[PDB]
């Protein structure tokens, strides 16, 4: 009816339920896996993804939004297996994930051409399947808004205006990229309430986070567990403050957890260093209980994990 699901019939937003807005079933570099497949283990990746999703469902997680796209190794078929194995509601997306330049393929390609790719995934289907994308993902990091990163941003705007699917972003909390993303998108006619500025939970700077929420976009406190960016307790302080300041209407919380990720930084011997208890359920284990014993009632929790996702997708 509204929100497309992987390996399932579309559902109305009122059916989305308790959602984790930013989680990855699996992440890898398309090029390396294609060129050195001996580096990967399809079987193990599947076990880890199925196990995480099951544990999350045991906590009452009803729907999981996965922002894995070009550049992160999106694969609907793999996502489709995980769905059959768990019965989870999985929202797949489209888009391009880059930090500096686009693949050489886009050399001399218009912004419209890029947009046509997103729209294709949205209206036609993903990677040859009839599984449709329910949102579009774009990114920017340390390098800032480069010429190509902007191409992609604009392309997203075009897709959104044509399909009305929301936009989720990856940004660097310390260099105003998120703010710039929101600025460019809203200028292109994109409803701020259809944007989720991501990874804002990576900083203490409350003024900056409110600045973006005030503009009318959702704020992503979406890396709980990734201590290397910001410890759990400090994220909790921030999240609590935002809540006490009445910003639940714009808050979205998730882990950005990678059930499997090929990045050299995700090596086991580093897990303890700056990502000890990083998982897809840390939120039920630590964050929510912390907020509850700190005044935050159940209705605020529902707003964040149910209402917000619902508005975002309607």
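Positions refer to the first chain, counted from 1.
Set 20-28 against 289-297 and average the Cα temperature factors; 289-297 ends up higher.
Higher mean CA temperature factor between 71-79 and 231-239: 231-239, per the PDB entry. Per the deposited coordinates, the residue with the largest Cα temperature factor out of 34, 63, 281, 254 is 281. Residue 121 sits in the lowest third of its chain by CA B factor, as recorded in the PDB entry. In the PDB entry, residue 135 places in the lowest third of its chain by CA B-factor. Among the modelled residues of its chain, residue 196 has a C-alpha B-factor that falls in the lowest third according to the deposited record. In the PDB entry, a CA B factor belonging to the highest third of its chain's modelled residues is recorded for residue 226. Residue 216: CA B factor in the middle third of modelled residues in this chain (values from the PDB entry).
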